[PDB]
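Read from first to last, the chains carry the letters A, B, C, D, E and F; within each, the first residue is number 1.
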Amino acid sequence: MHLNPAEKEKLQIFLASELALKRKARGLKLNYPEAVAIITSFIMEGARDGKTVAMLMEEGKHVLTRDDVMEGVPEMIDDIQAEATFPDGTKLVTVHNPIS
Amino acid sequence: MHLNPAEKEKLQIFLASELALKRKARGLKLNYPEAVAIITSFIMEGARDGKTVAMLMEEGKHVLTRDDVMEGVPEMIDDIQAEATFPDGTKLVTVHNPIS
Amino acid sequence: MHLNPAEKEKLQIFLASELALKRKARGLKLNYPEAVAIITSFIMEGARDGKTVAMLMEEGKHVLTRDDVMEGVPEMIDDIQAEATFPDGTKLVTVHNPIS
Amino acid sequence: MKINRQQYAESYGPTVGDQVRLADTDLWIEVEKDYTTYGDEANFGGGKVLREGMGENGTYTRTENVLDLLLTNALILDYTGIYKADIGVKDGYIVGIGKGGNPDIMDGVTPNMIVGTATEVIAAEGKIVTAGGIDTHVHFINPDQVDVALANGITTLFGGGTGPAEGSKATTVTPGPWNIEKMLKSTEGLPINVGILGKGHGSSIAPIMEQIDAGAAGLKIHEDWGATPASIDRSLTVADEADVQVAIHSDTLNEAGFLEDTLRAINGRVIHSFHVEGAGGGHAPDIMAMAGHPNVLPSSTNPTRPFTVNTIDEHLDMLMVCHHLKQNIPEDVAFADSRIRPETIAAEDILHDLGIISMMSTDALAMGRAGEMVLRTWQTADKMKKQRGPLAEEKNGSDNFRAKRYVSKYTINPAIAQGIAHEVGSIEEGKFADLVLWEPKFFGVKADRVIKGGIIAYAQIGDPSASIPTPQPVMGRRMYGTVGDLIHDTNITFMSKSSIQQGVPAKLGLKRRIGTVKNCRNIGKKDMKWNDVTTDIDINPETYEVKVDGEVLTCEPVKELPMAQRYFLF
Amino acid sequence: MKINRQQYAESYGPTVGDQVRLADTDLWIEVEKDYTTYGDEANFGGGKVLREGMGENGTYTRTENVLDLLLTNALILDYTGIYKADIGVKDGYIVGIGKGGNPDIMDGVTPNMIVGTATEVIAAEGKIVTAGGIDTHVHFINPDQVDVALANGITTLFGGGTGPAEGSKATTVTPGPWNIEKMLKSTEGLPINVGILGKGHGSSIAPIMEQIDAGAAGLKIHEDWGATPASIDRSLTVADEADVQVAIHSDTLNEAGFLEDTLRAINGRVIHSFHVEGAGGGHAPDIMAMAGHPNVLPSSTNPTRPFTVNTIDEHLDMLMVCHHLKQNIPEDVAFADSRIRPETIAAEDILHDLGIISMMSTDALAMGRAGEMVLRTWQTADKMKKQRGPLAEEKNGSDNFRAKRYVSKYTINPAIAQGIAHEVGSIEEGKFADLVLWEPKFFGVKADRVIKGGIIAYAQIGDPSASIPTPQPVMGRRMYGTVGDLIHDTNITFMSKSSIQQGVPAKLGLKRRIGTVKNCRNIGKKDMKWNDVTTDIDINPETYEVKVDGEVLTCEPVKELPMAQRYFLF
Amino acid sequence: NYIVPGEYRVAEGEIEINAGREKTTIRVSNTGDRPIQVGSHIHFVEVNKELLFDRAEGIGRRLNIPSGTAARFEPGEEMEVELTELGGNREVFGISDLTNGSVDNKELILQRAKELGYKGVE
């Protein structure tokens, strides 16, 4: 596979997102790291899908809403950042105030 | 996410449980680490669900039965222990003789 | 669980395969590490299923085809190797030219 | 020109009279005073103040009142106060708390807090800064426990052990000169301050004392090695000669005596009573009465902290498993029921709140959680506010009195108990720069940056491959203070005066900073900051009811805690 | 009062006549004798025996017959016996095997096994304790291989390499003075004992000898560097002068000679024949005939161990891939068919069982598995019991003879071969305290705790954040013996006498314990414990059939092994 | 033929502890209001003051129970126990500091016990 350090680390994010998605599916209000993981993995998968940075900045604000998460979680998350390989190489995505 | 050392480690348990559950679903009798992973992840997810330590001590004895696992596995597992964050903080759960 | 170093590492392969399979399922042509992960996990799961080394050498050549992967990926992968615990202990499987 | 307070606090952190919520608790701390000069706040970045000829002085060499490091705009939470200041560090020590910058052009600059060519900057605006936690009940069982401790703001581990040997799994003991030497050498690779306890057991002086001379920083008396009157007596005689502290886990079984017998053997000498409530060990059922005595420095361990609905079920089973006890053997059940008591655990919450139990600790990996000393301190304070109300001593709706009482339990008081408060345990000038930055939303839960000897040792930081350090995954990671030979300069090995005089560090090739243990034998409960109460604690032998001043101490267990499921992935 | 044997064994481990199953094999070991005094068994914990004035002596200083460490109630499995004893360790060495405790009050205490103030305790009741495995065929290719080895109970790595360079990927060789020096320095960070082999190739003495003087512990002759008569001869002449061992991987191609030519070049001198069966390399097809000769110390490598239904398919393909061989080139196919032979692999199982092949080894990362030497030894013994029956030498239904024959293959015999058995390779008084504790259910599969120089270096242990060390995830982890400078005192770098005399450790700044290689040149097959058989082994050049004493040696491959899918996650 | 990994097959018979040593049965009462549990290898005369028994009969002895086990006395509980003889050098040091030498010095042990209020010196 020739995994580099970032590729190894970022597998964890996908895994944490999978965990959080299962928790959501069984009806739990998500907590801070769960919410962050879901949105982060969404960004990384979107890059893999070939979306633009601008598309992901928009979409990232609609992945989870305040009724999906515990009290105070929306206000704990000021922004979520992820770097991923787009068709045009690595780029940084910042999603500002992802959960209203 | 602000993952601490325990959170990083415990992701592995969830992953091993997912692996073991797939093996079970395709009809394999589970081995020692597979069985341990399934029951351990069950406890941790139960804590996340807000069950009590007492509920999990009971439920943990009914997750896998002797026909789900290879010969000798029930007798190899004297107890399974996991710590997880309950609504009232971290607690230790010990499931005694989980597989009869 | 008593995980040894190899067991811990190899969990990653299963995880990378799960990631790659999700990417395939949503219609993406797979890249080099994705393809390698899928075939590698297939071998390891096949060993767990009790297949022979010879069966896996054959089957491994039919897991992904050239239309499942990006241009040049078939030619990048000369062979894929994995060690796994068979019913008769650890064995090495090499799948030669897995993607035609 | 004037700035509204919301905007001021957003830019520079809070100022006088402003309050901040601690994590997701009901606890609020209020800024008591502020050392700044409004308009001359220090800050760093593009077009900011700390630039050459401006807030950074371009004239002075490092020796000339210039800092190695300035933490700008810190909200300090300490036994000494809750207040706003810049913190200046030099040669690994806190040298100034006040106002940093450039006297060329700024008013009110503390004279030895010049930002110069030599000065690094950490922005602490909007952070709470505390001293590093001092955990005095550490079992050295698994080296992975160190990062666990750092991640929750702990910077000093006092205890014992040689790894997962049964003696170490039960007791905070590194026994004898050889094991002590081996563990001093191991310590060279641990990125945290360390002091090692010898076995406080023997009927002759020499076998105990030789551990002190070998490099131990104190002793542990534990019932598993025989917490007999003889072992208690000899250990205290050694300690009084050597100027080190003795910790005790007393005879739960009451085999050689009851509490009064242990107290008679102590004979008025200073001692640190571990897990004083007794679920963690000690004379059944009345060990917690130790915490009323003037010569006892009392600590709790953390799994009983605070009293929750799962506590008893969890502890009863934990005890049974750990002691290989059988549910169908009545002596085993009777033992467990005599040791795990809702009556004393509930009272323990209240005794903390009243300043009768002075310290917190972990009992890491031997009936306690290495990364939850700080966490559970604040959960306890929060529970007590909810159940007992703001303390009478409070003012202006703030929880400052409670916050100082509780922060003292894991910072200054353990340091004083151990004889190491000249070096660590508080944010004061002249002490080692072990500092923990917290985002208020994560306060007491997950440290932002842990500074050890003036260099960052541990941080919550993101992708090392990214353009900037904040992208995911943000996780706790060892920083440059832990790498190469810098681990030697950023950490202290605390040792007895005699081992230092006898040249043990040179003999063993220890390169870490060497700290001297001292002034442990003429202190008492009165010296425990904000937690100095002595009183007659009565524990009813029949009902286990705890009374203080004729009043039963009881409270309810809670179903939910703050600093819990909002934060943790598992 | 009397205790039934089931209850006795549950409390103290098994005693005389009791049997224990090794993992999930059909192999049973029986306790031959027991050093205890019934009623005075040592144990540690609350209300237990090893307490001051009781089983722990409170009078004596460390120097006065007191131990640094007592392993209580160990079931020892060793070439010297299968028996029950306490094991006492001091200054990193095994100093007593017998009965520990306090002579004040206990009968039968071995005089230098006093439990005192200085003594740590490991509970070995219900564990099997063996010597650390000695792997003499290690390619140093990937530092991650060390934990793999420790996790399966290996404590000494002898071999060579500089990392994943092609020379090292093929051969256990660290070539020349400079690479040797570099790897001696690297070794300072490896938490395992190490000895380094130089290149056993040259036609002049000086280029070979200078490697010995530089710090090599032995030499490797490998066909990839030219396993010619000259290289064989010069290497043995060096070895005879230097008192180090020579290992050989002979000329598979028969290019410069057949087996008889290699034997003529050896000329009766002592040599260690690696992977003697020959799938791992050597004169095609008859290299295994080496194992009949009195001057040959023969080892197997592990992938042929034992003969299974996937072995041939796996090995044929492995060879083709590794040598870049093409299925459509008849010379390549002929080579592979001449080298991978079910006839010799099947006979290899039986030759082990008969004590004709004396040693096991890995061939780590160059045609062998770093963490499976111990594993595959026991799988082989189990297969042989199933196929050949209990050996004639057995008594009382136990497999003790077979167990001693097989444990010797990876403990004492490699140590003797290498010239290091004065330090390591068995549980005997006076030897280094490299000890492996096993739960019987995991015996030979996953070590519980690995002790190196008397401190735990590696353990299967759980969550470092938990209240106790057993909660999940339980995994193999480095312990305090590997941390800081303690890694120096808990491990041995084995070196030639000349390099030690010439001050190489000081020159290079080596801080590890330095072990001397010696007494390698006047040993032979007769010195291989329980595996000392010499005989005429005939290998038919046409059929590859192996004969010993006129009898064809053959057995069937098995479809399933114990110590396999019940245990491993992958 | 079911395989339990690592299982024991113990031999027939029973293990006699403290074989060949004199055994003595005595009545012991916990006169205190808290439980007292006594380990197998504590010099019996040196146990908690509030245990009432013939202290002389505890000298040079310990409980005749399996190594590492203990006898429990609830508050107010009186029961019989069986003692066995100490072995080795038959010296005791430390614990309650009643002996600090040979257990043969019964007169000295009892004097110290009585002075310090160990119940049952007769």
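To be clear about the criterion, a residue touches a chain if its C-beta (ideal position, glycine included) is under 8 Å from a C-beta of that chain, and two chains touch if they have at least 3 such contacts.
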Over-half contact-pair match to B-D, picked out of the listed pairs A-D, B-E or C-E: C-E
Farthest chain relative to subunit D (centres taken as mean CA coordinates): C
Distance between the centres, which are taken as Cα means, of subunit F and subunit B, whole angstrom: 43
Mean-CA-position distance for subunit F and subunit C (Å): 65
Interchain centroid distance [CA atoms averaged], subunit C/subunit D, Å: 49
Chain centre separation (subunit A, subunit C; CA means) in Å: 27
For subunit A, residues contacting two or more additional chains: 12-13, 15-16, 18-19, 32-33, 36-37, 40
Set of subunit D residues in contact with two or more other chains: 144, 147-148, 202-204, 226, 228, 230-231, 234, 253, 255, 318, 321, 369, 371-372, 472-473, 565, 567-569
Touching two or more other chains - residues of subunit F: 3-7, 37, 39, 42, 46, 70, 93-95
Every chain pair in contact, whichever chains are involved: A-B, A-C, A-D, B-C, B-D, B-E, B-F, C-E, D-E, D-F, E-F
Complex contact set, residues of subunit B against subunit A: 1-3, 7-8, 11, 14-15, 18, 45, 48-49
Subunit F - residues contacting subunit B, complex: 2-7
Interface residues, subunit F side, partner subunit E - complex: 3-19, 37, 39-43, 46, 62, 64-70, 82, 84, 86-95
Subunit F-facing residues of subunit E, complex: 1-6, 8-9, 11-12, 14-24, 28, 37-43, 45, 47-49, 51-55, 57-59, 102-107, 109, 439-443, 566
List of subunit B residues in touch with subunit F within their complex: 71-72, 75-76
